[PDB]
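In case you want the letters, here they are:
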Amino acid sequence: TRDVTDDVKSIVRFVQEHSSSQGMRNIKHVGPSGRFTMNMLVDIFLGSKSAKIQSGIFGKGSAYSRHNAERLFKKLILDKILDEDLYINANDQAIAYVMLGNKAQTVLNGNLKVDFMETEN
């Protein structure tokens, strides 16, 4: 039903912004520790107040039910727009964190439109 292209474009723009300090000579890289879990991305999006970041896309998710906002990211991974790798921390825990998939650049070029099915329950 509902077309979510502009939202995904911004989610993608956003995820990539928090990957480096783009600009100054040393384009130094973030993560794995500074990368987001899907859940932290949901929280941020749904302008939660446990959100790690509270700028960029913080407001944007306010018309989505948590359940849906979830399903949207699940989709964005599936669709290879966003992807997720594992990180192992010092206490030997495996944490799945998000990053762009080979499809992210596509959506940023108007070339893919993203549509979403709003689910109840």
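Residues numbered from 1 in each chain as written, not as in the entry; some residues may be left out. Heavy atoms only, no water.

Going by the header, the method for this PDB entry is X-ray crystallography, and the resolution given is 2.9 Å.

Visitor: Before we go on, may I ask you to explain the pattern of salt bridges in this structure?
Guide: Side-chain pairs of opposite charge can arise whenever the charged atoms involved come near each other. If you walk through the whole model with that rule in mind, you get five salt bridges. Residue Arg 66 pairs with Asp 43 through a salt bridge whose shortest N-O separation is 2.9 Å. Here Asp 43 lies in helix α2 (residues 38-45) and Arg 66 lies in helix α3 (residues 66-78), a separation of 23 residues in the sequence. We classify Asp 43 as buried; its relative accessible area is 18%. (Salt bridge = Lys/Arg side-chain N within 4 Å of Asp/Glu carboxyl O. Helix = DSSP H or I, 4+ residues; strand = E, 2+ residues; numbered from the N terminus. Buried < 20%, exposed > 50% of the residue type's maximum accessible area, 1.4 Å probe, protein only.)

Visitor: Is there a simple way to explain the packing of helix α1 (residues 5-17) against α2 in this structure?
Guide: Interhelical geometry of α1 versus α2 gives an angle of 120° and a closest axis separation of 13 Å. When the axes of α1 and α2 are compared, the pair comes out oblique. α1 and α2 meet at a crossing whose hand is right-handed. Between α1, through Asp 7, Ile 11, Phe 14 and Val 15, and α2, the contact on the second element is made entirely by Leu 41, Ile 44 and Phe 45. Of the residues assigned to the contact of α1 with α2, the class counts are six nonpolar, no polar and one charged. (Axes fitted to C-alpha atoms, helices over the stretch in contact; angles between N-to-C directions. Parallel < 35°, antiparallel > 145°, perpendicular 65-115°, else oblique. Left-handed = near helix turned anticlockwise from the far one by under 90°. Contact = heavy atoms within 4.5 Å. Nonpolar A, V, L, I, M, F, W, Y, C, P; charged D, E, K, R; others polar.)

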